[PDB]
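What follows is a single chain, given as structure tokens, in the form deposited without the ligand.
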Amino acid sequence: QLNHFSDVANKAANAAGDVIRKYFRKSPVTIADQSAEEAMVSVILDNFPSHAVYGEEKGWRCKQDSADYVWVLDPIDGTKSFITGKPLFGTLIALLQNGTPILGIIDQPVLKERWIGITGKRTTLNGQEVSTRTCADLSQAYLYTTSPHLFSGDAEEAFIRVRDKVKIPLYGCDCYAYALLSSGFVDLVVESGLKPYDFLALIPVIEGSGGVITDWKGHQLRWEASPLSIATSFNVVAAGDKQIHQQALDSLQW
């Protein structure tokens, strides 16, 4: 069963990539996003007709009234990158069992880079194991932040506080920032105003690399996709090392 989930997830990512490559650097993004979601959904349900999907394009879909397994998808996380021809958007696929992510993929179909996190296993990039790196103090950290997606003033004040404490503050890049964290190239990623289809896939990838990812209070990030769930916005902080994470929480003062 679990191998089957990984195999189908990879097929779904391959189908999405084939669509996205028809559109990138040729609206095209709306067509690409819709078509890629459809491609993924068809793969998923051909294999697992008792599952549900929740997608960034069309919301909840299930041919039954409920499902134990829900695939939460964003074919193009980073539409602004995609539109401007920058190959740092990604396709996100999460599989949730009873609301808990058990598999997440971050796929860059132009660069041909795929991070896969699966519960029980170490995260891989193109089949090779990856790890976060150790970092003992926030003053030594490499950080990605992005402008608040819902323009929160309070969020910006928190962003200033954390950027002032780190070694190198850099501007983020959607899911790709977290991929680089999971591979050990940066220490901290902070973002405000993300919907669940843009973070759930991240969780198994980061945790299975040895990192940590929570909301800005340090609480578990959780969104139980269901027929009635509402895709609200969340604030996220991810770290390669637990010590740095806690120091970041202290700076966010949330």
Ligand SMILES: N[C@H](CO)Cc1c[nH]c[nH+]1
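The first residue of the sequence shown is number 1, and the count goes up from there. Only residues modelled in both forms are compared. Heads up, when I say rigid core I mean the largest set of C-alphas that superpose within 1.5 Å between the two forms.
As for the form deposited with the ligand bound, it is not shown, yet the points below apply to it.
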Seminar exercise, completed: The stretch from 114 to 122, 96 to 104, 179 to 187, 72 to 80 that lies within 4.5 Å of the ligand in the deposited complex, judged by heavy atoms, is 72 to 80
Exercise. So which of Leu194, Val212, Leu45, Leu221 gets a non-hydrogen atom within 4.5 Å of the ligand in the deposited complex?
Worked result: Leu194
Problem set entry | Proximity of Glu37 to the ligand in the deposited complex, heavy atoms at 4.5 Å | no
Exercise. According to a 4.5 angstroms non-hydrogen atom cut-off, is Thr146 in contact with the ligand in the deposited complex?
Worked result: yes
Seminar exercise, completed: Within 205 to 225, the residues having any heavy atom within 4.5 Å of the ligand in the deposited complex are none
For this session: Shifts of 2 Å or more in the Cα, rigid core superposed between the shown form and the other one, apply to only one of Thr79, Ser183, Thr146, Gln108; name it.
Result: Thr146
Problem set entry | in the deposited complex, shift in Cα separation for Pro148 relative to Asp198, 3 Å or more | farther
For this session: Regarding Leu143 and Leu150, go with closer or farther for their CA spacing in the deposited complex versus this form, the difference being 3 Å or more.
Result: closer
Exercise. Core fitted, what stretches of 3+ consecutive residues have C-alphas moving by 2 Å or more between the shown form and the other one?
Worked result: 145 to 151
